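Trainee: Sharing a structure with you now.
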Amino acid sequence: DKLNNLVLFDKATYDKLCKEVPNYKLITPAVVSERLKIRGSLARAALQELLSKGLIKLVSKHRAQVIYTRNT
Amino acid sequence: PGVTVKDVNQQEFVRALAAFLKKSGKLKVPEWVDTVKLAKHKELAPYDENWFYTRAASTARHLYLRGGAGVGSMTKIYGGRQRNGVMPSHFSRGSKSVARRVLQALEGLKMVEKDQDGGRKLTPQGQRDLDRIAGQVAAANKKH
Amino acid sequence: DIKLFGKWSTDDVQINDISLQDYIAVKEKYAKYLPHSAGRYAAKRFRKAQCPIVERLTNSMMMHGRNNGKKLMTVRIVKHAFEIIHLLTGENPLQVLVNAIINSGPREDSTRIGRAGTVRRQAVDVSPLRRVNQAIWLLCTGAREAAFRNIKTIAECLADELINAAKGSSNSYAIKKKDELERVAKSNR
Amino acid sequence: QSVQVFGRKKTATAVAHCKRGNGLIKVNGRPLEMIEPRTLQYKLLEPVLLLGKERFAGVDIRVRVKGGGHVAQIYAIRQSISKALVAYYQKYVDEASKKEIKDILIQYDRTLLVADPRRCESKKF
Amino acid sequence: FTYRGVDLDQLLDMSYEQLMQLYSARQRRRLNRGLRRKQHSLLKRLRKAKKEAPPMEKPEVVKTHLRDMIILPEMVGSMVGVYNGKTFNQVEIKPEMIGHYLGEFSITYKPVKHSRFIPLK
Amino acid sequence: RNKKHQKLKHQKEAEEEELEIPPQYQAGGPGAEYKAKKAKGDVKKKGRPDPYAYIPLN
Amino acid sequence: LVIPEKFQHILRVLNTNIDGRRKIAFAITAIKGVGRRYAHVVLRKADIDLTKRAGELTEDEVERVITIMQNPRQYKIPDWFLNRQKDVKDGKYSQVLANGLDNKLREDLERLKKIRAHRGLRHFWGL
Amino acid sequence: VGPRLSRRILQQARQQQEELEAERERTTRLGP
Amino acid sequence: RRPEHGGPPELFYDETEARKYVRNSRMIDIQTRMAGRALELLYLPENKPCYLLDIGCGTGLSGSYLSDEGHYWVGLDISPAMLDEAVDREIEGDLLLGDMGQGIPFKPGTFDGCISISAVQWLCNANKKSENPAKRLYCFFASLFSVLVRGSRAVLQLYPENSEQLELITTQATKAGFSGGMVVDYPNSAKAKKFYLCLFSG
RNA sequence: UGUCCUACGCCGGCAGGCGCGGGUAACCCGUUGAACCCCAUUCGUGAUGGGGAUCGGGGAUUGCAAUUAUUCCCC
Ligand SMILES: Nc1ncnc2c1ncn2[C@@H]1O[C@H](CSCC[C@H](N)C(=O)O)[C@@H](O)[C@H]1O
């Protein structure tokens, strides 16, 4: 029915993100938003933050689609 | 040997020239900078709060690429598509006062001057500054 | 070596089905840099068997009105689809593309005949050209009606449909519609 | 020594001048690698990639392009550069290189040297 | 009552030329473009109707075809009849009527005020 | 052209029913008054109910 | 980042509810009398980060933005940009927001009904 | 080619020739 | 171009088509006033309780209209997705899953009225080799004449794609003993031309 | 296509206003700097930043005259 995606990081959500996102083999805003039940703009912000800390590898950048994946 | 404006990426050049004109800080910023739409076909105010420096950088570049442009030419350049309600869309020009204020601010910085046959055109010293910032773009991009 | 998007090779591409070697044109003469060619592959009959198959996907994603004529958007879509399918699967994207094409084309169709009131269905065979065409159409429809109102983009849904039809798992749209068509053909011999 | 050729598309025209040089490519005074649509960038870059940068290392070209749209202009540009190199290696360089290069272009793509004569149809009352 | 923070007494005492700014853009453009001979004509007729009235009750009714008069504060209290195409509507000019046209107060059209087979055999 | 199309589509329907009738008798035992002359449509009357058609079954 | 300890899911301003789980520049538009343009200009005059979400504004921020929307002319918001420019009874420039919008609307309808012009009579004959 | 497209091509090539060949007050007095 | 050409009703009416049907405002509005016309087209007496069949019930909005008027009804359908979203709609009457052409499993002398909405057109064509539309229609119409009360009425709404379908349907109806006719609502219209085969047992 | 098309200068946020030039025309608008498209930002499945109808206030413009909203602009 009506989705109730979180607008901001909860504590358990942030911890689960930080220790379960960096092993997915495919990192896009859509997959994190759908399987973490979060708003996609904050999904993009979280992915940008994980890229900023040097832990996730960007593959290609676009205005339409951005894709990341694991370092190793 | 010196790289020109026409020798680099235009978007990075425009952003670097915007940073240049922002750090100079001597353009006459209008009092209505945060309360206007840039054309009648817009739907919101510009999302980048210091849009004036970006617009002035792009204006300077456009005069470099083609001289003799007045206010009407720059309103033609930044014109877009008005969605007329439930009625078919059309091409609409930009706002004249914003283009005029950009041109007069660039004249106040002495980068841009009039000519005898028409509108505004580039000064030699502003053209030196523009070649300098273009070389900075090429060094920051093509040598990296 | 000619490469799709500068990073995808067509030398290791092996086509499995004997039926379609002349009708899936991706080899050393059909290898192109980009799925855009401005080609007139439809001015004469059977010319579109010489069209490279990524150009056929690119030509078949320009559907439902708004997207007509927008081919650069579609070249972008299939490019991002190739990157994401390579990341998710770990091998050559073009290979599972031709795999999903082979596994998605129906082999036995039904035709509707009638005289007056009495309308019945007779099972008939399919041309290889129609096999490839229907596989392309069903995959494009699967991706398109797969996304349409969700957070997932068009490229992710296209790549997921392409994987799900490459391995032939029943969660794919194209293999479901193909199985339905083959079932009604078997019931209407 | 220099030659001047042209290529065309629906309405887009490209005029290419080919002179002895060192391997810099100018279109409308702008470099080849900076023309706006990157999605068609390899469509702009196919003659160089098929022939190698070593065949362009002793030549320079400048192309003026007028008419058409983005894609039509790109196709006219690639036709212009291919015809310019063919004309130059025909006139001032030996003919065997010109024939083998012409064969390479025409086996990869006929529209690199033969114009597509398709235009918009007229509507009659 | 007040109109744009101005009372009727000095509104009558205000000029013709700087009353213009108090009105809306349509009225201001009309007052820019002058008034015609019929306008001052019916102004004189309503003034004559006000002059010959006994001072206890309302004056007599002045009737006209002319639907594109703007109601000015001079006309407040007058008894005006406007032709709506077939009949005359008689209306008292209130102070609240201070901006509109006369033709708004006599509408020229009327409101529009606008079983299944069952088988027996 | 679409006029004659529709008109004799209706005429074929009527002819097929009229040819259904005699073998139906053997083996076993329409808005014309509501048609508008000015336009294609369906005009209401006061004496009769809303527009309809009754084709009885034999 | 993470949720602040004073994240307001529901805001109660101008006798109207605000959904706090949204950007501020549209949670402002959630009430009547303000759309996207006036919300953006109010927030730029108020010097508030528009990237920030609505639910994490402090009491000083909400009271100053409420203060600015009640008296926009004082904070150099221009005359032309306002909702009501010349009130008919008392000529002055303002911005009616929550209940004053409904007040001025229904009293304008009553004014058009009392004078028996075409517009008011037609509107009330429409129902 | 046809008239219009060839005309545009010819003028374009002429302008390119002149811009390749490219790369003070009027004489107000008669005698120096 | 038309749903009939999709194939058997068990395959065209899958879950996705059901979810597009339930979220469709035109379907709701038109099929609601068709249920109204169907219930008004049989002369069942006013203030008299009656028992009805609502075949081709699909969503049960026709059943919701029958229950709105106070009357009780039994739903019969072939697609499971239609019955799933109908029970999801919390309709009052009882549903049943079964093909109508094979025969309606009810005892004779049972129902005061029958209402069929957009379903009889599906029995005019054969989607299997074992299928034969003439005998299927004969069986289904004989099952109507069996399970109905003698003297009850059955309204049968349809949108015949040509006159051959009408020819075969009417022949199989008149050879099953049914007496009645055709109410062609708004005959010369196009967007409101709706065919209603009205039947009764004597 | 153009003696109403318009370059340019000044004012106003916009419609618009003022002045001064070209064009009876491949000569000036005009190298017709069109939109889709392309590249970055915000948005995140929400009758929601989709969609704009219908209204409230004000300004401007063409007309002898805009009321029953001529047309345009802002909220
Ligand atoms: N032979 C058959 N037996 C039973 N049901 C059938 C059938 N052929 C078609 N149907 C049914 O006819 C329906 C058409 S959809 C009708 C929906 C309904 N009128 C409403 O809107 O409430 C489907 O539910 C389908 O399953």
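Note on naming: chains are A, B, ... as they come in the structure tokens, residues start from 1 per chain, ligands start from 1 in the order shown.
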To check your reading of the model: which residues sit at most 8 Å from ligand 1 when counting only C-alpha atoms (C1' of nucleotides) and all ligand atoms? Write the answer as a PyMOL selection string.

Mentor: chain I and resi 8-10+13+21+27-28+31-32+55-63+76-80+82-83+97-101+116-123

Trainee: Taking the DSSP assignment computed from this structure's backbone, write out as a PyMOL selection string all residues of range 7-116 of chain C that belong to alpha helix (DSSP H).

Mentor: chain C and resi 53-60+72-89+93-104

Trainee: Return the neighbours of chain B among the residues of chain D, cut-off 10 Å, counting only C-alpha atoms, as JSON, numbers by chain.

Mentor: {"D": [26, 28, 29, 30, 31, 33, 34, 35, 36]}

Trainee: Where does DSSP see strand (DSSP E) in range 61-109 of chain I, if you list the residues as a list in words?

Mentor: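 The strand (DSSP E) subset of range 61-109 of chain I is residues 72, 73, 74, 75, 76, 77, 94, 95, 96 and 97 of chain I.
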
Trainee: Could you give me, as a list in words, the residues within 12 Å of residue 14 in chain H, counting only C-alpha atoms (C1' of nucleotides) and dropping anything in the same chain fewer than 3 positions from it?

Mentor: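 That gives residues 4, 15, 16, 17 and 64 of chain D; 7, 8, 9, 10, 11, 17, 18, 19, 20 and 21 of chain H.
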
Trainee: Export N, CA, C and O atoms of the chosen residues as a short mmCIF file (atom, residue, chain, number, x, y, z; two decimals), in the first residue's frame?

Mentor:
```cif
data_model
loop_
_atom_site.label_atom_id
_atom_site.label_comp_id
_atom_site.auth_asym_id
_atom_site.auth_seq_id
_atom_site.Cartn_x
_atom_site.Cartn_y
_atom_site.Cartn_z
N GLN D 4 40.01 20.67 -50.39
CA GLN D 4 38.77 21.13 -49.75
C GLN D 4 37.62 20.30 -50.28
O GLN D 4 37.31 20.34 -51.47
N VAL D 15 32.15 21.46 -44.55
CA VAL D 15 33.20 21.74 -45.52
C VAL D 15 34.54 21.59 -44.81
O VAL D 15 34.81 22.30 -43.83
N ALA D 16 35.36 20.67 -45.30
CA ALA D 16 36.61 20.30 -44.64
C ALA D 16 37.79 20.70 -45.52
O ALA D 16 37.84 20.34 -46.70
N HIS D 17 38.72 21.44 -44.93
CA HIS D 17 39.97 21.83 -45.57
C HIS D 17 41.09 21.03 -44.94
O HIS D 17 41.18 20.93 -43.71
N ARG D 64 34.22 23.69 -41.35
CA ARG D 64 33.14 24.63 -41.07
C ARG D 64 31.82 23.92 -41.35
O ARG D 64 31.63 23.37 -42.44
N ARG H 7 24.19 25.69 -53.05
CA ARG H 7 24.43 27.12 -52.83
C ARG H 7 25.00 27.37 -51.44
O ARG H 7 25.97 28.12 -51.28
N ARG H 8 24.41 26.72 -50.43
CA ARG H 8 24.92 26.85 -49.07
C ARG H 8 26.35 26.32 -48.95
O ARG H 8 27.20 26.94 -48.31
N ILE H 9 26.63 25.18 -49.61
CA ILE H 9 27.97 24.60 -49.59
C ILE H 9 28.98 25.52 -50.26
O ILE H 9 30.10 25.71 -49.76
N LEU H 10 28.61 26.11 -51.40
CA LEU H 10 29.52 26.99 -52.13
C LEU H 10 29.85 28.24 -51.33
O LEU H 10 31.02 28.63 -51.24
N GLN H 11 28.84 28.88 -50.74
CA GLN H 11 29.11 30.08 -49.95
C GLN H 11 29.90 29.74 -48.69
O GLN H 11 30.76 30.51 -48.26
N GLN H 17 37.54 29.78 -47.42
CA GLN H 17 38.71 30.25 -48.17
C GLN H 17 39.13 31.64 -47.71
O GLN H 17 40.32 31.91 -47.51
N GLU H 18 38.15 32.54 -47.51
CA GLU H 18 38.49 33.89 -47.06
C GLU H 18 39.04 33.90 -45.64
O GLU H 18 39.93 34.70 -45.33
N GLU H 19 38.54 33.04 -44.75
CA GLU H 19 39.07 33.04 -43.39
C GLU H 19 40.45 32.39 -43.33
O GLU H 19 41.23 32.68 -42.42
N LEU H 20 40.76 31.49 -44.27
CA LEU H 20 42.15 31.06 -44.41
C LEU H 20 43.04 32.15 -44.97
O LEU H 20 44.19 32.29 -44.54
N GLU H 21 42.55 32.94 -45.92
CA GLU H 21 43.37 34.01 -46.49
C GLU H 21 43.54 35.17 -45.51
O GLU H 21 44.45 35.99 -45.66
#
```

Trainee: Residues of chain E near chain F: apply a cut-off of 9 Å, count only C-alpha atoms, and supply the list as a ChimeraX atom specification.

Mentor: /E:115-117,119,121

Trainee: Go ahead and save the residues from that selection, with N, CA and C atoms, as a CSV table (one decimal), in the first residue's frame.

Mentor:
```csv
chain,number,residue,atom,x,y,z
E,115,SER,N,-39.3,6.1,-17.2
E,115,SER,CA,-39.0,6.8,-18.4
E,115,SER,C,-38.2,6.0,-19.4
E,116,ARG,N,-37.9,4.7,-19.0
E,116,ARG,CA,-37.1,3.8,-19.8
E,116,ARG,C,-37.9,2.6,-20.2
E,117,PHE,N,-37.7,2.0,-21.4
E,117,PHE,CA,-38.5,1.0,-21.9
E,117,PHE,C,-38.1,-0.3,-21.2
E,119,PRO,N,-39.3,-4.5,-21.1
E,119,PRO,CA,-40.0,-5.5,-22.0
E,119,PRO,C,-41.2,-6.1,-21.2
E,121,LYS,N,-43.1,-8.5,-23.1
E,121,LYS,CA,-43.2,-9.8,-23.8
E,121,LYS,C,-42.0,-10.1,-24.6
```

Trainee: One number please: CA of residue 66 in chain I to CA of residue 140 in chain I, in Å, one decimal.

Mentor: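 CA of residue 140 in chain I lies at a distance of 22.9 Å from CA of residue 66 in chain I.
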
Trainee: Set out as a Markdown table a contact list for chain D and chain C with a cut-off of 9 Å, giving each residue of chain D that qualifies its closest atom pair and distance in Å to one decimal, counting only C-alpha atoms, ordered by chain and rising residue number.

Mentor:
```
| residue | atom | partner | partner_atom | distance |
| --- | --- | --- | --- | --- |
| D:37 | CA | C:72 | CA | 8.9 |
| D:39 | CA | C:72 | CA | 6.7 |
| D:40 | CA | C:34 | CA | 7.6 |
| D:42 | CA | C:33 | CA | 6.6 |
| D:43 | CA | C:34 | CA | 7.2 |
| D:46 | CA | C:33 | CA | 8.0 |
| D:49 | CA | C:2 | CA | 8.8 |
| D:50 | CA | C:2 | CA | 8.5 |
| D:75 | CA | C:38 | CA | 8.8 |
| D:107 | CA | C:29 | CA | 8.6 |
| D:108 | CA | C:29 | CA | 7.8 |
| D:111 | CA | C:39 | CA | 8.9 |
```

Trainee: Only residues of chain J matter here; which ones have an atom within 9 Å of chain G, counting only C-alpha atoms (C1' of nucleotides)? Give them as a PyMOL selection string.

Mentor: chain J and resi 13+49+56-59+67-68+74-75

Trainee: Pick out the residues sitting within 9 Å of range 166-175 of chain I, and hand them over as a PyMOL selection string; count only C-alpha atoms (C1' of nucleotides), and ignore anything fewer than 3 positions along from it in its own chain.

Mentor: (chain C and resi 117-118) or (chain F and resi 16-17+20+24+27-28+57-58) or (chain I and resi 120-121+123-124+133-135+137-139+141-142+160-163+178-181+197+199)

Trainee: Those same residues, written as an mmCIF file, in the first residue's frame with N, CA and C atoms?

Mentor:
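Below is the file part.cif, written as the result:
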```cif
data_model
loop_
_atom_site.group_PDB
_atom_site.id
_atom_site.type_symbol
_atom_site.label_atom_id
_atom_site.label_comp_id
_atom_site.auth_asym_id
_atom_site.auth_seq_id
_atom_site.Cartn_x
_atom_site.Cartn_y
_atom_site.Cartn_z
ATOM 1 N N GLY C 117 -19.014 -16.484 -37.337
ATOM 2 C CA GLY C 117 -19.310 -16.794 -35.953
ATOM 3 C C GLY C 117 -18.317 -17.753 -35.337
ATOM 4 N N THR C 118 -18.004 -18.829 -36.054
ATOM 5 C CA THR C 118 -17.064 -19.837 -35.581
ATOM 6 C C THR C 118 -15.652 -19.304 -35.784
ATOM 7 N N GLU F 16 -28.778 -10.654 -42.160
ATOM 8 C CA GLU F 16 -28.391 -11.912 -41.532
ATOM 9 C C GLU F 16 -29.446 -12.391 -40.547
ATOM 10 N N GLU F 17 -30.050 -11.475 -39.783
ATOM 11 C CA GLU F 17 -31.129 -11.894 -38.886
ATOM 12 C C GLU F 17 -32.351 -12.363 -39.679
ATOM 13 N N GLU F 20 -31.628 -15.693 -40.794
ATOM 14 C CA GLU F 20 -31.656 -16.614 -39.661
ATOM 15 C C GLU F 20 -33.070 -17.099 -39.392
ATOM 16 N N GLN F 24 -34.624 -21.028 -38.505
ATOM 17 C CA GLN F 24 -35.052 -21.067 -37.112
ATOM 18 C C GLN F 24 -36.477 -21.585 -36.999
ATOM 19 N N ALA F 27 -36.135 -25.752 -38.300
ATOM 20 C CA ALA F 27 -35.583 -26.724 -37.364
ATOM 21 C C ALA F 27 -36.246 -26.678 -35.994
ATOM 22 N N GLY F 28 -36.943 -25.596 -35.666
ATOM 23 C CA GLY F 28 -37.630 -25.496 -34.395
ATOM 24 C C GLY F 28 -39.122 -25.307 -34.564
ATOM 25 N N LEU F 57 -37.409 -12.224 -29.903
ATOM 26 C CA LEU F 57 -36.887 -13.538 -30.245
ATOM 27 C C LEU F 57 -38.026 -14.505 -30.536
ATOM 28 N N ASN F 58 -37.899 -15.234 -31.638
ATOM 29 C CA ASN F 58 -38.891 -16.231 -32.007
ATOM 30 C C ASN F 58 -38.684 -17.517 -31.212
ATOM 31 N N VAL I 120 -21.156 -13.262 -22.107
ATOM 32 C CA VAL I 120 -21.695 -14.214 -23.070
ATOM 33 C C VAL I 120 -20.974 -14.125 -24.412
ATOM 34 N N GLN I 121 -20.273 -13.009 -24.644
ATOM 35 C CA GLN I 121 -19.513 -12.811 -25.909
ATOM 36 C C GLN I 121 -18.282 -13.726 -25.937
ATOM 37 N N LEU I 123 -18.207 -16.865 -25.305
ATOM 38 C CA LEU I 123 -18.587 -18.256 -25.674
ATOM 39 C C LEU I 123 -18.841 -18.351 -27.182
ATOM 40 N N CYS I 124 -18.536 -17.294 -27.941
ATOM 41 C CA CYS I 124 -18.803 -17.291 -29.370
ATOM 42 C C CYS I 124 -17.643 -17.823 -30.197
ATOM 43 N N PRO I 133 -18.163 -23.735 -30.022
ATOM 44 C CA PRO I 133 -19.037 -22.678 -29.471
ATOM 45 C C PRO I 133 -20.527 -22.972 -29.573
ATOM 46 N N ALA I 134 -20.959 -23.699 -30.608
ATOM 47 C CA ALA I 134 -22.383 -23.975 -30.776
ATOM 48 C C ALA I 134 -22.908 -24.875 -29.662
ATOM 49 N N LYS I 135 -22.223 -25.994 -29.418
ATOM 50 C CA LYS I 135 -22.660 -26.909 -28.369
ATOM 51 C C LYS I 135 -22.443 -26.313 -26.984
ATOM 52 N N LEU I 137 -22.657 -23.072 -26.204
ATOM 53 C CA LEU I 137 -23.746 -22.124 -26.009
ATOM 54 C C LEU I 137 -25.065 -22.844 -25.767
ATOM 55 N N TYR I 138 -25.292 -23.956 -26.477
ATOM 56 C CA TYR I 138 -26.502 -24.746 -26.272
ATOM 57 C C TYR I 138 -26.562 -25.295 -24.852
ATOM 58 N N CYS I 139 -25.441 -25.828 -24.361
ATOM 59 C CA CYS I 139 -25.381 -26.361 -23.003
ATOM 60 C C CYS I 139 -25.588 -25.269 -21.963
ATOM 61 N N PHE I 141 -27.091 -22.309 -22.289
ATOM 62 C CA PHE I 141 -28.459 -21.795 -22.338
ATOM 63 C C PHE I 141 -29.472 -22.811 -21.815
ATOM 64 N N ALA I 142 -29.252 -24.101 -22.081
ATOM 65 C CA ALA I 142 -30.103 -25.123 -21.486
ATOM 66 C C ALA I 142 -29.932 -25.162 -19.974
ATOM 67 N N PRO I 160 -21.714 -7.236 -29.033
ATOM 68 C CA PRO I 160 -21.404 -8.159 -30.133
ATOM 69 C C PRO I 160 -20.496 -7.506 -31.162
ATOM 70 N N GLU I 161 -19.383 -8.177 -31.465
ATOM 71 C CA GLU I 161 -18.410 -7.584 -32.374
ATOM 72 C C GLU I 161 -18.878 -7.656 -33.822
ATOM 73 N N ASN I 162 -19.826 -8.536 -34.126
ATOM 74 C CA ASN I 162 -20.547 -8.514 -35.395
ATOM 75 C C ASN I 162 -21.878 -9.231 -35.191
ATOM 76 N N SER I 163 -22.632 -9.400 -36.278
ATOM 77 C CA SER I 163 -23.940 -10.039 -36.215
ATOM 78 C C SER I 163 -23.876 -11.558 -36.242
ATOM 79 N N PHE I 178 -36.032 -20.460 -24.671
ATOM 80 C CA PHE I 178 -36.135 -19.119 -24.110
ATOM 81 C C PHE I 178 -36.965 -18.193 -24.990
ATOM 82 N N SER I 179 -37.879 -17.464 -24.353
ATOM 83 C CA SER I 179 -38.750 -16.516 -25.035
ATOM 84 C C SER I 179 -38.379 -15.106 -24.603
ATOM 85 N N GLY I 180 -38.216 -14.210 -25.569
ATOM 86 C CA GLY I 180 -37.830 -12.854 -25.233
ATOM 87 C C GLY I 180 -37.415 -12.031 -26.430
ATOM 88 N N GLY I 181 -36.329 -11.282 -26.293
ATOM 89 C CA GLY I 181 -35.891 -10.440 -27.384
ATOM 90 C C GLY I 181 -34.642 -9.667 -27.039
ATOM 91 N N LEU I 197 -29.652 -8.847 -24.296
ATOM 92 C CA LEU I 197 -30.534 -9.963 -24.607
ATOM 93 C C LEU I 197 -31.389 -10.266 -23.381
ATOM 94 N N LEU I 199 -34.469 -12.393 -21.643
ATOM 95 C CA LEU I 199 -35.017 -13.727 -21.800
ATOM 96 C C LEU I 199 -35.941 -14.040 -20.634
#
```

Trainee: Mind checking which residues fall within 12 Å of range 35-41 of chain A, counting only C-alpha atoms (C1' of nucleotides), ignoring those fewer than 6 positions away in the same chain, and posting them as a ChimeraX atom specification?

Mentor: /A:2-10,12-18,20-21,24,27-29,47-48 /C:150-153 /G:21-23,51 /J:41-46

Trainee: Next, the residues of the selection above should be written as a PDB file, in the first residue's frame with C-alpha atoms (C1' of nucleotides).

Mentor:
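After the write, result.pdb holds the following:
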```pdb
ATOM      1  CA  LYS A   2       1.233   3.477   0.955  1.00  0.00           C
ATOM      2  CA  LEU A   3       4.999   3.397   1.414  1.00  0.00           C
ATOM      3  CA  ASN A   4       6.406   4.907   4.612  1.00  0.00           C
ATOM      4  CA  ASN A   5      10.001   5.516   3.558  1.00  0.00           C
ATOM      5  CA  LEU A   6      12.076   7.256   6.210  1.00  0.00           C
ATOM      6  CA  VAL A   7      13.021  10.867   5.557  1.00  0.00           C
ATOM      7  CA  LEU A   8      16.102  10.689   7.828  1.00  0.00           C
ATOM      8  CA  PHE A   9      18.527   8.195   9.372  1.00  0.00           C
ATOM      9  CA  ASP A  10      17.283   6.203  12.301  1.00  0.00           C
ATOM     10  CA  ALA A  12      19.375   1.078  13.651  1.00  0.00           C
ATOM     11  CA  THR A  13      18.849   2.028  10.003  1.00  0.00           C
ATOM     12  CA  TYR A  14      22.155   3.934   9.910  1.00  0.00           C
ATOM     13  CA  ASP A  15      24.060   1.054  11.515  1.00  0.00           C
ATOM     14  CA  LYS A  16      22.480  -1.504   9.162  1.00  0.00           C
ATOM     15  CA  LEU A  17      23.312   0.753   6.210  1.00  0.00           C
ATOM     16  CA  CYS A  18      26.951   1.187   7.276  1.00  0.00           C
ATOM     17  CA  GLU A  20      25.296  -4.081   5.027  1.00  0.00           C
ATOM     18  CA  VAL A  21      25.441  -1.689   2.041  1.00  0.00           C
ATOM     19  CA  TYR A  24      25.915  -5.877  -2.212  1.00  0.00           C
ATOM     20  CA  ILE A  27      25.099  -0.031  -5.397  1.00  0.00           C
ATOM     21  CA  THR A  28      22.445   2.279  -6.868  1.00  0.00           C
ATOM     22  CA  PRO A  29      20.043   4.693  -5.133  1.00  0.00           C
ATOM     23  CA  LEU A  47      25.862   6.937  -1.282  1.00  0.00           C
ATOM     24  CA  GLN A  48      27.677  10.245  -1.810  1.00  0.00           C
TER      25      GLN A  48
ATOM     26  CA  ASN C 150       8.593   2.866  -9.156  1.00  0.00           C
ATOM     27  CA  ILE C 151      11.914   4.062  -7.783  1.00  0.00           C
ATOM     28  CA  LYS C 152      13.849   1.646 -10.015  1.00  0.00           C
ATOM     29  CA  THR C 153      15.110   3.289 -13.178  1.00  0.00           C
TER      30      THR C 153
ATOM     31  CA  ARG G  21       9.002  14.943   7.144  1.00  0.00           C
ATOM     32  CA  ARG G  22       9.530  17.107   4.079  1.00  0.00           C
ATOM     33  CA  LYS G  23      11.804  19.849   2.781  1.00  0.00           C
ATOM     34  CA  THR G  51      18.542  22.212   2.051  1.00  0.00           C
TER      35      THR G  51
ATOM     36  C1'   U J  41      21.408  20.098  -9.351  1.00  0.00           C
ATOM     37  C1'   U J  42      16.918  19.298  -6.564  1.00  0.00           C
ATOM     38  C1'   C J  43      13.004  15.667  -6.430  1.00  0.00           C
ATOM     39  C1'   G J  44      11.773   9.634  -4.617  1.00  0.00           C
ATOM     40  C1'   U J  45       6.029   6.241  -5.719  1.00  0.00           C
ATOM     41  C1'   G J  46       3.368  10.291  -2.619  1.00  0.00           C
TER      42        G J  46
END
```

Trainee: Using only C-alpha atoms (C1' of nucleotides), which residues sit within 10 Å of residue 60 in chain E once same-chain residues fewer than 2 positions away are excluded, as an NGL selection string?

Mentor: :E and (46 or 48-50 or 52-53 or 57-58 or 62-63 or 78-80)

Trainee: With 9 Å as the cut-off and only C-alpha atoms counted, what is the closest atom pair between each nearby residue of range 28-118 of chain G and range 94-99 of chain E? Distances in Å to one decimal, ordered by chain and number, as CSV.

Mentor:
```
residue,atom,partner,partner_atom,distance
G:111,CA,E:96,CA,7.5
G:112,CA,E:96,CA,8.9
G:114,CA,E:96,CA,8.6
G:115,CA,E:97,CA,6.4
G:117,CA,E:97,CA,8.8
```

Trainee: For the residues selected in the previous step, produce a file with N, CA, C and O atoms as a short mmCIF file (atom, residue, chain, number, x, y, z; two decimals), in the first residue's frame.

Mentor:
```cif
data_model
loop_
_atom_site.label_atom_id
_atom_site.label_comp_id
_atom_site.auth_asym_id
_atom_site.auth_seq_id
_atom_site.Cartn_x
_atom_site.Cartn_y
_atom_site.Cartn_z
N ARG G 111 -19.83 40.98 -0.28
CA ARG G 111 -19.88 42.31 -0.87
C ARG G 111 -20.47 42.27 -2.27
O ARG G 111 -21.28 43.14 -2.63
N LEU G 112 -20.08 41.28 -3.07
CA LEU G 112 -20.64 41.15 -4.41
C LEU G 112 -22.10 40.72 -4.37
O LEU G 112 -22.86 41.02 -5.29
N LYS G 114 -24.25 41.72 -1.87
CA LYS G 114 -25.03 42.85 -1.37
C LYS G 114 -25.29 43.88 -2.46
O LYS G 114 -26.38 44.47 -2.51
N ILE G 115 -24.32 44.12 -3.34
CA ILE G 115 -24.48 45.12 -4.39
C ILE G 115 -25.24 44.58 -5.59
O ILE G 115 -25.60 45.37 -6.47
N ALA G 117 -24.29 42.71 -8.19
CA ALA G 117 -23.64 42.69 -9.48
C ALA G 117 -23.83 41.33 -10.15
O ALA G 117 -24.41 40.41 -9.56
#
```

Trainee: With only C-alpha atoms considered, list every residue of chain G at most 12 Å from chain A, as an MDAnalysis selection string.

Mentor: chainID G and resid 1:5 7 9 19:23 51:56

Trainee: When you draw a straight line from CA of residue 88 in chain D to CA of residue 56 in chain D, how long is it in Å?

Mentor: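 It comes out at 11.2 Å.
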
Trainee: For residue 67 in chain A, work out the shell of residues within 9 Å, counting only C-alpha atoms (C1' of nucleotides) and skipping chain neighbours fewer than 3 positions away, then give it as a PyMOL selection string.

Mentor: (chain A and resi 26-29+57-62) or (chain C and resi 80+83-84)
